[PDB]
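Novice: Let me begin by handing over the structure; questions about it come next.
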Amino acid sequence: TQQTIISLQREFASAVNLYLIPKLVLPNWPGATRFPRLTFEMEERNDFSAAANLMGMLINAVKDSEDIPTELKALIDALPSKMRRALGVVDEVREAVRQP
Amino acid sequence: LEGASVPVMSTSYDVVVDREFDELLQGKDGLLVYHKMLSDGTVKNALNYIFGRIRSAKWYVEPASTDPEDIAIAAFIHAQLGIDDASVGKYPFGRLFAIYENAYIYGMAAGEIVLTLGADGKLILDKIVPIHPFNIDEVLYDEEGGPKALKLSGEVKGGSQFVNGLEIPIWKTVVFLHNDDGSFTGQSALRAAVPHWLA
Amino acid sequence: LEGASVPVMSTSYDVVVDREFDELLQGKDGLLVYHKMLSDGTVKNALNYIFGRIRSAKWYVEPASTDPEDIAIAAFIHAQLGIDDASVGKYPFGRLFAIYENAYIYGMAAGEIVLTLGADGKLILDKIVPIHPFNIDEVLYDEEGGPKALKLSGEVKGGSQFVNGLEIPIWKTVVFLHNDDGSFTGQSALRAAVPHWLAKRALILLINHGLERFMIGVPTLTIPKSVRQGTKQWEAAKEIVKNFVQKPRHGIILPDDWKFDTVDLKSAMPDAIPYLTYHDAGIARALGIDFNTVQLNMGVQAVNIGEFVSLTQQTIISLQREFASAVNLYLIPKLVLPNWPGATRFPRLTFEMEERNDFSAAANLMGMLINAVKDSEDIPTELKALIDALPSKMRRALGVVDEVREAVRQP
Amino acid sequence: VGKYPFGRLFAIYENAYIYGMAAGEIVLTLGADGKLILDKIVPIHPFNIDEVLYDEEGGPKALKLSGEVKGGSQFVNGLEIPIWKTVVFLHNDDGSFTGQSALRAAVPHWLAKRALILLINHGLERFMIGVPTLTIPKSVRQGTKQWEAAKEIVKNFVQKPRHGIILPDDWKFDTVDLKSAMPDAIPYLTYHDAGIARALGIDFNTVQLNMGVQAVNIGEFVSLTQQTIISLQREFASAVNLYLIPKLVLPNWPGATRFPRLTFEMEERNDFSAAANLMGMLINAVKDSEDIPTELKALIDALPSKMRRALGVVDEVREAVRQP
C-alpha cells in the first residue's frame, strides 16, 4: 500500500505538472521555459529518540561556545540534507516560496 | 527530423476495443458498474483510506532554479493553487482531488480552468469546476491520433437546461487519467475487482 | 576478421516456433490472453507494485568520465529525458515506462523518437509516442538475421484513418524486449501464469455449479403416468418445484401418491479453497514475487532472515537492469551522435542501489563526527572536509551526495 | 559503444544452463587504434545446432549448424564453424566436452505434476456436481420423444439445477454413489513441486514454497541457494576466462603468457552499525591530529584487506583499471 500510494501521487503530480502549470505560467510569462514543479515530501517514519540523541550531541558540541543560537544554526545547516530533514528543520527555499 | 509521421493508434483488436473486451463494461454501461461498486464496504473503505492519504501528502511547489524569477513564479502558482489549505480563491486544489478521484474510479475525468484577470495585471486562476464522466459522451481527436476537444452533454442542476453536444477545447481544460498507456485512453482502476464483486 | 558470417537464426523447431509451442498462444491470439489476464486481481496487483517500484528507482545519469564535455552531454541528455519529474518537453520519460510495461506484458513494444530542432542548434527530443503491440503486425529483418524495420497497421483514434502496412525503420525508433535471447525475440513475462489462470477460471465455474447443488438441493418429484405435459397437474408440479426453489415457506402439500424428495448426492462438498490458493500461488510464483507483498500469505510461515537479497528484490533489480540496458543501447546513441558525431563513450543511465539501513547508526556516526569537529574552531568547512574524506558507502549512507550529480542536474 | 556484448554472454550462458550446451560467435573488427576491437557477439541457440565435430584425439573440432534466418530469408544448412572463432558454454561438464542440462532431475516431477493436475480436473467434475444416472423401462428406445426428454432431464440436471426433476412413477433418477470422499491431492502436488524446486537447487523460502515447514534456525557456513549461485558464477567465470579472453589478448598481444582474469566480489551481508562503530573509533584516533584527511586515509589503507572491504572503500587497482 505504500508503493500504491506513492505511485498514485506520482501520477497525480505528473498530470498536474503537465496540464495545469503550463496553462498558468505561459499566459503570464511567455518567456518561460522551465516550469516550477509540484512534488510531495518523501515521508519516512523514523524514531524521534534517535533525533533526540543526535540533537543532544549537537548541543554538546555547541556547549563550549559562547553564542549558542547562531553557531547552532551554522551547525544545523552544515548537516547533510537527509539528517536535516530528519530533524524537521526546513530550508529557506520553502519558507521563501510560501510566506512571501 | 520533420515531425511525427506516426499517428497515435487505438488499442483496439477484433474483440478488445479500447482497453476493454467485456461488452458489459464496454461503453458507458461499465460506468454504471463502477458507480455501483461504490456501495461496497471494502471498496469505499479502501478508497477513503487511499484518497485521504493522498490529501495529506505534504505537497510543496518546487521551483526551477535558485533564480528569483523562478522563485517568484513558483510562489505565484503556489498562491494560485493554495497548497496551504484556504485562500480567497475558494480552494481550487481540492477540486483537483475530486477530478482525480473521479478519474481513478471511472478512468477519465476532467475540469475547466477559469482565468479571470486579477487586479495586478496577472491572470488569476479564478475557479475550477469538475466535469463528471457521466456527462462526457465522447472526446474528439486530432488527425495524428492525439486528442482535440471534449464533447459534453449533461443536465444543469435544478432542471434548468439540457446541454447537448457542447464541444470544449483541451487548452481550456485539464484531463486526468489513471494508468494511461501513453495513447490517451484511461482504463479505470476498479477493473479487476468487478468479477469478485459479482460473485 | 572480416565480419559476422553467421546469421541470427530463429528459435524455431518443428513444434516450437518463435519461443512458443502452444497454438493458442502462437500468434496475436496470445496477445488476447495476455490482455485478458489484466482483469485478474493478483496479476494487476503484482504489476502495479512492480511498475510503481520501477517508477521510484531514483535514476541518475552517469557520465562517461570527469571531463567537462562528458558532463556537458550528460546534463544535455538529462534535460532531454527529464529525470526530475516535469519539464517543457511534456514528460517523455514516463512514455518509456509505458512502452516498457507494454513490452513486459506482451513481449515486444516500441515507440517513436521525434527530433525537432531546438533554438540553440541542438536536436531537442520533442516527443515520444508509444506503439502498442496490437497494432504491430510483423517486424522486418536484415539478411543477416538482425531486424530491419517495423511493419505497422492500426487505427487512428476517432475513426479517422485505417493505417495499413506502414513500414518504419529502426533508427527512428526504440524497441523494448523482455528476457530476449540475444536473437531479437521477446517472450512475454506472463507466459507461465497462463495455465494456472485458466484452471482458476474453470475452478471458479465449478464452484458456482457446485454451490447451487449443495446449498439449496435439487428437487425431484415422482408422479403417476396419468399426468402428462401441459395439464393442470403438470402446471401444479411446476408450481411446487418453483416454490421449493424460490419461496421456501409456502410449504409442500401433496396427494398420497407423489413423493417429493431432494436428490441425495450422498457426499459433502469437497473443500476447493486449497486448490484456489494453489493456482493463485502458481500465478504469483510465475510472476516472481513473494507472498507477503501481494496479499497471499495464508497460514504459511514468515521469512526468518532471508538470503542476501529477497525474491521480489532481485526481480525488481533485474527488471530495472533490463530497462536501463535497453535505454542505454537504443535511445542514447540516437540522441548523442546526431548532436556530437565525435562521441565514443556515451553517458549511462543507472539507478541508485538502495539499502534500507538504520538511521540511528548514521546518527551515532554523525555524533562521533561532530565530536571530532568539536575541538576545532571553524565547524562547517572542516566538517565537510571530514565528510568528503569518508569512504563512498558511508558517505552514501549519510545521505550527502557528491558534486557530480548536483553539477549534472542543477546546471 | 560496443552494443553491450556482456549480456549476450549471459544469454548464451542461460541457454547453456537450460539446454546443456550453447555457443556464440566472436566478431573481431579492426579498431582505429590498430587494436582488434570486439565488435559484437551473436548467440547461437541449441535448437539450430545439429552436431559438433570432433578431433581424432576426442576433443572437439568444429560446430555444425543448420537453422533458419529470421524473416524466412535463408534456410542455412550444414554450416560448419571452427571453435577458435567461437565460445562454448557448458553446464556441469565432465571434462570430456559433454554438457548435461541442469533441468534433468526436474523432468519426472514435472510430468507427474501435469498428470496429477489432469487427475484433479477429472475428479472435481465427479465430486462437485455428481454424475447423474437414470433408469427407464425397455419400451423407450433411442431417438424417441421419451429419449429426448431423458436427455433434457440429464442436461438440465447438469446445466440448470433449478428447474427440478419431474418423473413418472417408473423412472429412478439417481447420482452414482462413489461411496468415498475425494482424497486430498494437495500434499502430492506440494511433493512434486518440492521435487522440482529441490532438483533446481534452491531453498523453499526464496521461491514461495515454504508451506508449514520450519524456517532455518542458523543455517550452515553457507546456504543452499548461496552455494548454488556461487558455483554457477564460478563456472561462468571459468568458461569466460578459458575461451573468450585468450581469443582477445593473443591476437593483440602475442607475447602474453598470464591472462587477466574475471572474478566477482565475494559478497557478505554484514552490519553497517559495526562498520559505523569502527569508523567512529578511527576518527577518534584521527581526532588529535591536525590534518584529518590524509592521515585518515593512511589509517584506512593501513587496515587489513577484509575490514577495508567491509568499510566499502576500494583499492586503487580497480579504479585504475576502470576509469582510465
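Bear in mind these aren't lab numbers, they're just calculated from the coordinates by the rules spelled out. No Cβ is skipped: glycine too gets one built from the backbone with ideal geometry, and neighbour counts run over all protein chains shown.
Novice: Take the alpha carbon atoms of the protein assembly as shown, find their radius of gyration, then divide it by 2.2 N^0.38 Å using N residues; give the quotient.
Specialist: My calculation over the Cα atoms of the protein assembly as shown gives 1.12.
Novice: Would you calculate, for chain D, the mean residue ellipticity at 222 nm contributed by helices, counting each DSSP H stretch of 4 or more residues as -39,500 (n - 2.57) and dividing by all residues, to the nearest 500?
Specialist: On the way: 10 runs with 126 residues, N = 324.
Only helices count here, giving -12000 deg cm²/dmol.
Novice: A further question on this structure: Taking the Cα centre of the range C:209-299 as the origin, how large is its charge dipole in debye, to the nearest 20, when only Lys and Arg (+1) and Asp and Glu (-1) carry charge on their Cβ atoms?
Specialist: 440
Novice: While we're looking at this one, here's another question. For chain B, take the longest principal axis of its alpha carbons; what is the angle in degrees between that and the long axis of helix B:93-106, to the nearest 10 within 0 to 90?
Specialist: 10
Novice: Filter the GluC sites (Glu not before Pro) in the range B:1-109 down to the DSSP loop ones having no more than 16 other Cβ atoms within 10 Å, then list what survives. Could the numbers behind the result be given before it?
Specialist: Working: sites: B:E2, B:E20, B:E23, B:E69, B:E101; in loops: B:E2, B:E23.
When the GluC sites (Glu not before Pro) of the range B:1-109 are filtered for loop state and at most 16 Cβ neighbours within 10 Å, B:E2, B:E23 remain.
Novice: Now a separate question. Hey, if you drop one equal point scatterer on each alpha-carbon of chain C and run the Debye formula without solvent, what base-10 log of I(q)/I(0) do you get at q = 0.08, 0.13 Å⁻¹?
Specialist: Here the Debye-derived log intensity ratios amount to -0.68, -1.25.
Novice: Shifting gears a bit: Pick from B:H35, B:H178, B:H132: which residue has the top mean-square fluctuation in a GNM of chain B where Cα pairs under 10 Å get a spring?
Specialist: Answer for the Gaussian network model of chain B: B:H35.
Novice: Run the quick spin-label model on B:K90 and B:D22: label points 7 Å from Cα toward the beta carbon, then report their separation in nm to one decimal.
Specialist: That separation, rounded to one decimal, is 3.9 nm.
Novice: Of the listed pairs B:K148/C:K122; C:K259/D:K145; B:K148/C:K334; C:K127/D:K3; C:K122/C:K172, which have alpha-carbon separations greater than 22 Å here? Numbers along the way, then the final one.
Specialist: Working: B:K148/C:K122 30 Å; C:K259/D:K145 24 Å; B:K148/C:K334 30 Å; C:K127/D:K3 25 Å; C:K122/C:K172 17 Å.
Cα-Cα > 22 Å for B:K148/C:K122; C:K259/D:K145; B:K148/C:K334; C:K127/D:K3; rest within.
Novice: Right, next: Going by how many other Cβ atoms sit within 10 Å of their own, how do D:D33, C:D70, C:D40 line up, fewest first? Before the final figure, lay out the partial values.
Specialist: On the way: D:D33 6, C:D70 18, C:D40 22.
In increasing order of surrounding Cβ atoms, one gets D:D33, C:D70, C:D40.
Novice: Arrange the following residues from fewest to most other Cβ atoms within 10 Å of their Cβ: D:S96, C:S310.
Specialist: D:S96, C:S310
Novice: May I pose another question? How do C:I317, D:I166 line up, fewest other C-beta atoms within 10 Å first?
Specialist: C:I317, D:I166
Novice: Under a straight-distance cross-link criterion of Cα-Cα below 16 Å, which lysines are reachable from D:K287, leaving out those fewer than 8 residues away in the same chain?
Specialist: Here the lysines satisfying the reach criterion relative to D:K287 are C:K374, C:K384, D:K297.
Novice: Right, something else. With only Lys, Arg, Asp and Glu charged, each at its Cβ (+1 for the first two, -1 for the last two), find how big the charge dipole of the protein assembly as shown is about the Cα centre; round to the nearest 20 debye.
Specialist: In debye, rounded to 20, the protein assembly as shown gives about 3440.
Novice: Then there's this: Which of the listed residues, A:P30, A:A13, A:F48, is farthest toward the dipole's positive end in the range A:1-51, when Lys, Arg count +1 and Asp, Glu count -1 at the beta-carbon?
Specialist: A:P30
Novice: Between D:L134 and D:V158, what is the label-to-label distance in nm when each label sits 7 Å out along the Cα-to-Cβ direction?
Specialist: About 1.2 nm, to one decimal.
Novice: Straight-line reach from C:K200: which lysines have a Cα under 21 Å away, not including same-chain ones fewer than 8 places off?
Specialist: Once the sequence-local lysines are set aside, what remains near C:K200 is C:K36, C:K44, D:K113.
Novice: Something else about it: If I model a spin label as a point 7 Å beyond the Cα along the Cα-Cβ vector, how far apart are those points for C:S318 and D:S273 in nm?
Specialist: The modelled label-to-label distance comes out at 3.3 nm.
Novice: Run down the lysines and flag those whose C-alpha is under 17 Å from the C-alpha of D:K179, throwing out any fewer than 8 positions away in its chain.
Specialist: C:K266
Novice: Magnitude of the Cβ-charge dipole of the range D:147-244, K/R +1 and D/E -1, about the Cα centre, nearest 20 debye?
Specialist: Its charge dipole is roughly 180 debye.
Novice: Turning to a different aspect of this structure: Out of B:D14, B:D180, B:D29, any idea which swings most in a Gaussian network model of chain B, alpha carbons joined below 10 Å?
Specialist: B:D14
Novice: Taking only the Cα atoms of the range B:45-199, how large is their convex hull per residue, in Å³? It would help to have the intermediate numbers written out before the result.
Specialist: On the way: hull volume 29.7 nm³, N = 155.
Considering the Cα atoms of the range B:45-199, their hull volume per residue is 191 Å³.
Novice: OK, next. If you add up the charges near C:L1, with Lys and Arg at +1 and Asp and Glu at -1, over every other residue whose beta carbon is less than 15 angstrom from its beta carbon, what do you get?
Specialist: That works out to 0.
Novice: For chain C, what does the relative contact order come out to in percent, with C-alpha contacts under 8 Å and a separation of six or more?
Specialist: Rounded, it is 19 percent for chain C.
Novice: If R0 is 51 Å, what FRET efficiency do you get for D:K297 and D:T98 from their C-beta distance, rounded to 0.05? Kindly include the intermediate steps, with their values, before the conclusion.
Specialist: Numbers: r = 52 Å, r/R0 = 1.03.
Using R0 = 51 Å, I get an efficiency of 0.45.
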